[PDB]
Amino acid sequence: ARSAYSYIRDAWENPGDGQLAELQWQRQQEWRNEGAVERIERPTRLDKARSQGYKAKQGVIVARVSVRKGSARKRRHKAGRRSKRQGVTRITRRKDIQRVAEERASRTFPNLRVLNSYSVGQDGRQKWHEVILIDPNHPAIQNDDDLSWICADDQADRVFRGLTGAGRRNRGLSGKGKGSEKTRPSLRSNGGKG
Amino acid sequence: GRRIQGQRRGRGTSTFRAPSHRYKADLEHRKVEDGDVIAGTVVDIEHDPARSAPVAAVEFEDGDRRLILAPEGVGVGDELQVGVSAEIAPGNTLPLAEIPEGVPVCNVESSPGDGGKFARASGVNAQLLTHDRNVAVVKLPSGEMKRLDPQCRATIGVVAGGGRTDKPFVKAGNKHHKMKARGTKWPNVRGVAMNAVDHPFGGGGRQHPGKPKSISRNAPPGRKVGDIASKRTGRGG
Amino acid sequence: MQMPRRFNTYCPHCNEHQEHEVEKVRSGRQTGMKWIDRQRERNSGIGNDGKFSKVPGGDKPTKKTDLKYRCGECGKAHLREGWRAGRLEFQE
Amino acid sequence: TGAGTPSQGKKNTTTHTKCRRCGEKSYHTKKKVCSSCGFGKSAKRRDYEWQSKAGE
RNA sequence: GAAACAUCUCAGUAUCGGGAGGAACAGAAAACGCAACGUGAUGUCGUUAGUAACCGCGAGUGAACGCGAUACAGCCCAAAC
RNA sequence: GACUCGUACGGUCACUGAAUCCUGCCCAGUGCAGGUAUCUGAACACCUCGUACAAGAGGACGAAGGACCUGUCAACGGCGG
RNA sequence: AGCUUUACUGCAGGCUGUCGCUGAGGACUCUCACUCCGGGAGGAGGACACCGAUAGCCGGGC
Ligand SMILES: [Cl-]
Ligand SMILES: [Cl-]
Ligand SMILES: [Cl-]
Ligand SMILES: [Cl-]
Ligand SMILES: [K+]
Ligand SMILES: [Mg+2]
Ligand SMILES: [Mg+2]
Ligand SMILES: [Mg+2]
Ligand SMILES: [Mg+2]
Ligand SMILES: [Mg+2]
Ligand SMILES: [Mg+2]
Ligand SMILES: [Mg+2]
Ligand SMILES: [Mg+2]
Ligand SMILES: [Mg+2]
Ligand SMILES: [Mg+2]
Ligand SMILES: [Mg+2]
Ligand SMILES: [Mg+2]
Ligand SMILES: [Mg+2]
Ligand SMILES: [Mg+2]
Ligand SMILES: [Mg+2]
Ligand SMILES: [Mg+2]
Ligand SMILES: [Mg+2]
Ligand SMILES: [Mg+2]
Ligand SMILES: [Mg+2]
Ligand SMILES: [Mg+2]
Ligand code: NA
Ligand code: NA
Ligand code: NA
Ligand code: NA
Ligand code: NA
Ligand code: NA
Ligand code: NA
Ligand code: NA
Ligand code: NA
Ligand code: NA
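Residues numbered from 1 in each chain as written, not as in the entry; some residues may be left out. Chains lettered and ligands numbered in written order. Part of a larger assembly, values for the part shown. Heavy atoms only, no water.

In the PDB header, X-ray crystallography is given as the technique by which the entry was determined, and 2.80 Å as its resolution.

Here it is as C-alpha cells:
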C-alpha cells in the first residue's frame, strides 16, 4: 500500500494548492523573521529527506537556509571594457541558489559535511532550502553502513568542491553521453568550457 | 570625467557630515501611557547648535530631564504639559484633535507618536484649520495644506528665534562660522568655473553653461545639475 | 520607359515562342524561420551584436528591372536580366 | 614650499615597524596591519600569484 | 589578432575568492546510435581530425562515437513487505 | 548609508557676484514642465490564421514617450536685410 | 591618452507596462500577506508599494 511518506511527497508536487498552500502562507511568515541559517529538529519534507539520505539518528543535522532570489549582484566595470563585457543587469551566476544555500549552511557548521539538500519554497524575494548535514566524527555515524562513507578525509569540505548532488548536477555531469564533452571528468580539466 | 561634487556628498565623508558629536538633543515629543498626567517645569533656555534656535530644558514630575523644541514665550519657571488633556496654552503639547482650530502650532507629527516632523525651524509655525473624526487639515509653513491624523501630537505657538533670516551675514566669516556647524561643504564653486572633466557646465574659453540648465527628472546622478525638472524659470511672465 | 503588358517571345519551358505577360515582382513575405533568423536570435546578446548591429545601406540612383515573364500557354513564369530604368510603365 | 627636500624635513612619524608575526618591518603601527604578511588583517598569510612570473 | 574596429580573437588565459589529497576529479547508462543478430562504468595515452560543427561564413575557432592501448570492479540506499 | 541629534526662517541644485540707478523685446529652434480629441507607441495576457503541438503571420487593446497644444529666457540663446 | 557632442555602438540610472510575491467580495469595496508609525495596546497603508524578472522610452552619467 502507499506509504505515509508518499503523501508528503504527493502534496509537495503542488506547493501552491491544498493544505500545503495554507501551510506555506503561514510558515513563511515565521521564516521571513528567522536567520540566514536555522537548524531545525525535523525535516519539513520527510519523504524527500529520507529519500536523500536523511535518517533520524545522532550526527544527522538539518537546517533551513534562505538565499535572495534573482541574478548576480554584480558591480559595473571601473575600467576599459568592450561592449561585450560592459554588462551588469543580465549577468547571472553559474552556481544555482540551492548550491549557494548548501555552502552558507556548511560554513555555519564547520565540523559537519553536506549530505544533500532540497527546496522548501520561496516567496517573492528569496528561496528556502533545507540542508542535511552529517557529523563525520560522531561514532553513531562512523558505524553506520549507509553513511560512514562521508567520514573519509577526502570528503572534507565536499560541498566547496562541488561533490554534492546539487553540485554535480550544476556541473553539467548529469548526462553520460552527448553534451557532456566539456563537463566530465571535471570542468577545470576541460579548460572551463561547460 | 570625474564624479561631480554632489556625488562626493553621498559617500558620507567627514567633509560632508554634520558635527553630530557637538549636537545637544534630538528634540522629540515625550510619550505617555495615556491620561495626560505628564507636566514639567522649564529649567533653562539653551542654544541649539543644530538649529541656531533656542531649546528649553524641562523637568517633569517623573524626574525626567529632556530638552524641548522651545516655542516663543516659554521662560524659566513656566510649567508645560503633555497629554490629551493638557491646557491650550503656548508650550503645551497635545494631539491635533484636542487643539482648537485657528491656533498656530509647531513641531507637528507626521505619524502619531513619531515625535514631531513639521514646522520646527526658527519662527515658523503650522496652522491647524479643519477638524474631523478622521482628518485634521493643517497648513504647513510652506503654504501646503497637509491633511493629518487628528491623533498626531503637536506643540502650541510658533518656534522661538523668529526673524533670524532678517539680518544679512554681511561677511564671509559669519557664513563660515555658521556653515561649520552643519552638514554642508562651503564655500561653493560655480560649475561654470570648473573644467569640463569636473562638471557638466565646465570648460569653454569663457564662463557659460554648455547646454540649457533645466534638466530632466530622469537625468542620472552625475548629470542632474542646474535647474532640476524646473516647471519654469526666470521671473518674467 | 513604356512596355507592353503582353507580347510574343521565347518560353524556355515550352521550347517555343508563346505570348507572355509581364509583371513586376512583388516582394514575398518573410517567415522569420530561416537559418539567418535563428542565428540573429542566437548570436545577439550583451553589448554590440556584430553583423546583427548593422543597418541597411542606401540606394543607387536608378534601380534595375525586376520582372516576371509569364507564359500564357503553360502559365509558367521565367526570369530575365533587368536593365536600369528610372520608371517602367506597362501598356494595357 | 618645494615638494622635494624641504618637505622631507617633517618626516618624523612612525608607521611601519617590525612585525610580531613575520618579522618584517612592515607592521603599520597606525593601521595595525602588516603590509607584508597581512597580519592583523588576515589569519591566512598574505600571498599573491603576481609575486612571480605567471608560468612560475 | 582581425593589418582600423564593435561580434569574433587573445581566453575561460592573467589575476582574485573558497577548498581536498598524496594524488585529485570522474565512475557502474533515463549511455552509445560504425542502426546493429552491435558496444557495454570512469579516467588517461595514440588515433579518429584540423574531420563534423561555429564564424562581420572574415580572421579565426573546433569536438564526439568508434578504434588501438593502459588499468580494470563493482556496489549501497529511498520505497513496497 | 550621507544629508539628519536636521524639517521650508529648512537644504538640496544651479546662475549672478558689495552698495547705488536699473535689468527692454523674443517661446520660432533647443531644454524643462503641464495638457492632450485624435494619430503614433513594446512585451504579457486575449482573438484570427497556421502547426494533431511549436516556430511564424495578422488583429484587438494601448503605458510612459513622441506628434499636437500650452507655460517658461535672472533656461540654452537671439535682438538682422 | 584626456576632453566634447544631435559621430558609431553599447552600459548604468530614471520613468513606464507586464509577470511573480498576491489574498476576500473598466471602475469599486475589503483584510490576511507585505510595508510603515507605535514601548505596547494598537494606528496608518494594503494587494498597491518594496523586491525578483521582462518590455518600451529617455539616457556622454559611464
Ligand atoms: Cl561540506
Ligand atoms: Cl545658511
Ligand atoms: Cl520593374
Ligand atoms: Cl559500438
Ligand atoms: K578586445
Ligand atoms: Mg583528470
Ligand atoms: Mg564640515
Ligand atoms: Mg531627528
Ligand atoms: Mg539668502
Ligand atoms: Mg560661488
Ligand atoms: Mg579654469
Ligand atoms: Mg562631461
Ligand atoms: Mg561671468
Ligand atoms: Mg556667465
Ligand atoms: Mg546586443
Ligand atoms: Mg608630488
Ligand atoms: Mg587590430
Ligand atoms: Mg576584416
Ligand atoms: Mg574558443
Ligand atoms: Mg557521440
Ligand atoms: Mg541494508
Ligand atoms: Mg568673480
Ligand atoms: Mg585616441
Ligand atoms: Mg523603521
Ligand atoms: Mg566618450
Ligand atoms: Na562544514
Ligand atoms: Na558551455
Ligand atoms: Na562651459
Ligand atoms: Na548559442
Ligand atoms: Na593590425
Ligand atoms: Na586603433
Ligand atoms: Na563571429
Ligand atoms: Na523658444
Ligand atoms: Na520652447
Ligand atoms: Na591626454
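Next comes the rest of the account.
## Looking at the pattern of salt bridges
Residues and elements named next belong to chain A. Threshold: Salt bridge, as applied in this entry: a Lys or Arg side-chain nitrogen positioned within 4 Å of an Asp or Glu carboxyl oxygen. Numbering of helices and strands runs from the N terminus, with a helix taken as a DSSP run of H or I at least four residues long and a strand as a DSSP run of E at least two residues long.
The full count for this structure, using the stated rule, is 16 salt bridges over all chains. With a shortest N-O distance of 2.6 Å, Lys57 and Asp144 are connected by a salt bridge. In this pair, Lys57 sits in the loop between α3 (46–51) and β2 (60–68) while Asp144 sits in the loop between α5 (139–142) and α6 (165–170), placing the two residues 87 residues apart along the sequence. Ionic contacts of the salt-bridge type, sharing partners, join the residues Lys55, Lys57, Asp144 and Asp146 into one network.

## Some points on the protein's contact with RNA strand E
To keep things clear, this is the line we draw: Being near a molecule or strand, for a residue, means having at least one of its heavy atoms within 4 Å of it. Definition of a polar contact: a pair of N or O atoms within 3.5 Å, with one able to donate and the other able to accept a hydrogen when the atoms are protein atoms, and with sequence-neighbouring residues admitted only if both atoms are side-chain atoms.
In the vicinity of RNA strand E, 47 residues are found, and the nearest of them are A:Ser83, A:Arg94, A:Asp157, A:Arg171 and D:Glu49. Atoms of RNA strand E within 4 Å of the protein belong to the sugar or the phosphate in 86% of instances, the rest to bases. One of the side-chain nitrogen or oxygen atoms of A:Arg161 is found 3.0 Å away from a phosphate oxygen of RNA strand E. Listed by contribution, the elements that provide at least two residues to the surface near RNA strand E are α3 of chain A together with α1 (35–43) of chain C.

## Examining the protein's contact with RNA strand G
Selection criterion: Residue type decides the class: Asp, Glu, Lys and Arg count as charged, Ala, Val, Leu, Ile, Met, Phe, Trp, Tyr, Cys and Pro as nonpolar, and the leftover types, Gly among them, as polar.
Of all residues adjacent to RNA strand G, which total 37 residues, the nearest are A:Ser71, A:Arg90, B:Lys31, B:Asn218 and B:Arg223. For RNA strand G, the backbone makes up 84% of the atoms found within 4 Å of the protein, where backbone means sugar plus phosphate. Here a phosphate oxygen of RNA strand G sits 2.5 Å away from a polar atom, N or O, in the side chain of A:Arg90. Within the contact set of RNA strand G, a phosphate oxygen lies 3.3 Å away from a side-chain nitrogen or oxygen of B:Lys211. Looking at the surface near RNA strand G, its residues break down into 8 nonpolar, 16 polar and 13 charged.

## Topic: the UniProt feature "binding site: Zn(2+)" in chain C
All names here are of chain C. Convention followed: UniProt positions are given in the numbering used here, feature names are shortened, and annotations may be inferred rather than shown by experiment. Throughout, a residue-residue contact means that at least one pair of heavy atoms, one from each residue, lies within 4.5 Å. Using a 1.4 Å probe on the protein chains alone, a residue whose accessible area is under 20% of its type maximum counts as buried, one over 50% counts as exposed, and one in between counts as partly exposed.
UniProt records the feature "binding site: Zn(2+)" at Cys11, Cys14, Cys71 and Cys74, using the numbering of this structure. A maximum C-alpha distance of 9.3 Å is found for the annotated residues, which run over 64 residues; spatially they form one tight group. In this structure, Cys11 sits in strand β2 (residues 6–11). Among all residues touching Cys11, those that are not within four sequence positions of it are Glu16, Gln18, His20, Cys71 and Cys74. Examined against the element boundaries, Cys71 turns out to sit in strand β4 (residues 67–71). Taking the relative accessible area as the measure of exposure, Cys71 reaches 2% and is therefore buried. Once residues lying within four places of it in the same chain are set aside, the contact partners of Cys71 are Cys11, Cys14, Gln18, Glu19, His20 and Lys76.

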